[PDB]
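*Asks:* structural data only, the sequence is not supplied:
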Ligand SMILES: COC(=O)c1ccc(S(N)(=O)=O)cc1
Ligand SMILES: COC(=O)c1ccc(S(N)(=O)=O)cc1
């Protein structure tokens, strides 16, 4: 019992973290096999950052200009290329700690673990969600760029995020490991406003199921609702519309708890309309939306 | 920028996690050098658990009755002893992944990372606090016992917690790595009520500093207070009394932010008396008390 914002164990990812220095800029790189992946803004000089021409900047750069340090051993760089907003640095040595991995571009509302790193050294791990507006609410200081988001399925690390920038509003933007930004964000120092940060309805509902399972039931009501009635309320409260796919994904929590998805929807509706009235749910005074149905099932069943 | 409930990277601890089976009971063990540490309740049969005589139960047990599995390789057990509520199993092989470590018994209000494990396999990592009542609010299913709490200082893992039991109220109790319970808890299936769960005042104040640093300032007021005036308010709201030691420990946050500790105290007092009025602080609708001053400094400076 008990429910926690849990991250994946970070060990498999810790052994992939390196430091990349180009000129005077140091950030984090991810070493998988004989490739080190990092943000292409490593080639930027603080003054290039207004509108960098990365193609023009990269012409000036040779294999030997990319200093790759894995702990206190230097990697020989034998090739470099730009794929979208990441650099791939071919090194002469395959990372001996390369776990089984995949690159996956995640959907908004999906959750992952961030290993926040500085100079290729891990500082901490936390659980995040890709916000509906393709930002994440992270914890990233100067030098944290190249820190990666991942999921683990038994022994396979799915890399989904590389950290690139902080928006003027102090939310975070980044790419998948093919270097495509989540959202409309570009790797340049300019006005980038995020869109409306909507609540991930299916994740709130999953977290309400997690609460019921863990004994927090005060919010279960005598009401039900329909997908259309519910979504009228979602719309008003900047909640993502709920689909039958969402309902289906909640099926195992529904089944375990014997609370119909639409009944739980009706409990959420009352919570949105009436607030918490100074009560808490799983020690939170607001509706948590950074647990997926899969996260609830995983944590409420002991998957390793 | 951004502030997250961050855990230590868990890799150093992942390589210490083993499975311990005695009879039909399996739980987690911690392998450091040639010793595996686990809860002594591994020797209990579901029926011993009402009032086990661990000395009498342990007489029936031989080195070969303790099955220690590290991944899918078995460790030879060459000695066993009970220290308080843990078993130490001497094995014939030193863990080759033994990090630098210490056993430390933490103070209430102190924070640590839990690597939650099942059958010696890590499932997740989260950040906890030793509550003032010597419980932790964890996430532990059947088979999670022997999961450990730790801090990391550069390269040295300080082990502070081994998980032992869930109280009837679904909070968690456990020992240090010398097998002494935090609090008055015993490893037996009986009525164990925790005391009053007070709020860790110094940690709330640290988190208010973290908020100001990160741009969340709405709660900064025109008031100050005294240690004695403040503690009158703390007492009423089941907040731990604040001492000059607490004030001293907040000194660097005071200095960085230029907000006197007692002024921040006066902001907290108003928050306790007036509530949040539906506002949030670092995305929380209640006062967070599971960041220490050291955690705020660490996260707000990039320590690895
Ligand atoms: C490569 O440069 C960038 O990608 C970048 C973007 C945004 C900002 S910020 N915090 O001024 O908005 C700073 C740097
Ligand atoms: C070794 O046995 C125990 O330490 C123990 C303590 C408490 C409980 S519980 N959840 O019934 O209160 C169950 C088992």
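*Replies:* Yep, it's here. Numbers count the residues shown, from 1 in each chain, chains lettered A, B, ... in the order given. Ligands and ions are numbered 1, 2, ... in the order given.
*Asks:* now stretch A:176-196: buried residues?
*Replies:* Neighbour counts over stretch A:176-196 (16 or more other Cβ atoms under 10 Å in any protein chain shown) mark A:176-177, A:179, A:181-183, A:185, A:187, A:189, A:192, A:194 as buried. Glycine gets a C-beta too; all of them are placed from N, C-alpha and C.
*Asks:* what's the closest of these to residue A:63?
*Replies:* Set against residue A:63, the nearest of the buried residues of stretch A:176-196 by Cβ to Cβ is residue A:179 (19.0 Å).
*Asks:* what values do phi and psi take at the closest one?
*Replies:* phi 90, psi 20 (degrees, to the nearest 10).
*Asks:* my read: it touches residue A:85, true?
*Replies:* Yes - using Cβ atoms under 8 Å, residue A:179 is in contact with residue A:85, at 4.2 Å.
*Asks:* what residues are shared contacts of the two?
*Replies:* Common neighbours of residue A:179 and residue A:85 (criterion: Cβ atoms under 8 Å, 6 or more residues apart in numbering or on different chains): residue A:40.
*Asks:* the buried residues of stretch A:176-196 in strands, which ones?
*Replies:* In strands, judged by DSSP state E, none of these are found.
*Asks:* is any part of stretch A:188-196 close to ligand 1?
*Replies:* Yes - judged by Cβ under 6 Å from any ligand atom, stretch A:188-196 and ligand 1 are in contact via A:188-189.
*Asks:* residues of the stretch 1-150 of chain A that sit close to ligand 1?
*Replies:* Checking the stretch 1-150 of chain A against ligand 1 by Cβ under 6 Å from any ligand atom, the hits are A:41, A:44, A:49.
*Asks:* closest to residue B:153 among those?
*Replies:* Closest approach to residue B:153 among these (Cβ to Cβ): residue A:41, at 31.7 Å.
*Asks:* tell me who's in contact with the closest residue to that closest one other than its chain neighbours.
*Replies:* Distance criterion Cβ to Cβ, 6 or more residues apart in numbering or on different chains; nearest residue to residue A:41, sequence neighbours excluded, is residue A:187 at 5.0 Å. Residues in contact with residue A:187 (Cβ under 8 Å, 6+ apart) are A:39-41, A:52, A:54, A:85, A:164-165, A:181.
*Asks:* let's see 10 Å
*Replies:* The neighbours of residue A:187, taking Cβ atoms under 10 Å, 6 or more residues apart in numbering or on different chains as the test, are A:39-41, A:44, A:49, A:52, A:54, A:84-86, A:145, A:164-165, A:173-175, A:179, A:181.
*Asks:* repeat that for residue A:138.
*Replies:* The contact partners of residue A:138, by Cβ under 10 Å, 6+ apart, come to A:114, A:116, A:126, A:128, A:144, A:147, A:149, A:161, A:163, A:166, A:170-174, B:1-4.
*Asks:* farthest pair within the buried residues of stretch A:176-196?
*Replies:* Farthest apart among the buried residues of stretch A:176-196 by Cβ to Cβ are A:177 and A:189. That separation is 23.3 Å.
*Asks:* ok, longest strand in chain A?
*Replies:* Max-length strand for chain A by DSSP E is strand A:156-166.
*Asks:* quick revisit: how about JSON lines for the buried residues of stretch A:176-196, with distance to residue A:79 added?
*Replies:* What follows is the buried residues of stretch A:176-196, written out as JSON lines (distance: Cβ to Cβ, whole Å):
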{"residue": "A:176", "distance to residue A:79": "21"}
{"residue": "A:177", "distance to residue A:79": "17"}
{"residue": "A:179", "distance to residue A:79": "16"}
{"residue": "A:181", "distance to residue A:79": "24"}
{"residue": "A:182", "distance to residue A:79": "27"}
{"residue": "A:183", "distance to residue A:79": "30"}
{"residue": "A:185", "distance to residue A:79": "28"}
{"residue": "A:187", "distance to residue A:79": "21"}
{"residue": "A:189", "distance to residue A:79": "29"}
{"residue": "A:192", "distance to residue A:79": "32"}
{"residue": "A:194", "distance to residue A:79": "36"}
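*Asks:* which among the residues you listed gets closest to residue B:25?
*Replies:* residue A:177 (42.1 Å).
*Asks:* find the nearest non-adjacent residue to the closest one, please.
*Replies:* residue A:103 (4.0 Å).
*Asks:* next: residue A:242.
*Replies:* residue A:201 (4.9 Å).
*Asks:* the one you found - how many residues pack around it?
*Replies:* 25 (other Cβ atoms under 10 Å in any protein chain shown).
*Asks:* check which helix or strand covers residue A:145.
*Replies:* Assigned by DSSP states H and E, residue A:145 belongs to no helix or strand.
*Asks:* enumerate every residue touching it.
*Replies:* So, once contact is read as Cβ under 10 Å, 6+ apart, residue A:145 ends up touching A:20, A:25-29, A:38-39, A:41-42, A:117-118, A:162-166, A:174, A:187.
*Asks:* same deal with residue A:258?
*Replies:* So residue A:258 contacts residue A:212 (Cβ under 10 Å, 6+ apart).
*Asks:* and the stretch 201-304 of chain A, which of its residues are near chain B?
*Replies:* Taking Cβ under 10 Å from any Cβ of the partner chain as the measure of proximity, the stretch 201-304 of chain A contacts chain B at A:210, A:214-216, A:275-276, A:278, A:280, A:282-288, A:290, A:295, A:298-304.
*Asks:* again, 7 Å this time
*Replies:* Within the stretch 201-304 of chain A, the residues that sit near chain B (Cβ under 7 Å from any Cβ of the partner chain) are A:214-215, A:280, A:283, A:285-286, A:299, A:302-304.
*Asks:* so residue A:75 sits against residue A:64, correct?
*Replies:* No - Residue A:75 lies out of contact with residue A:64 (Cβ atoms under 7 Å); the separation is 11.8 Å.
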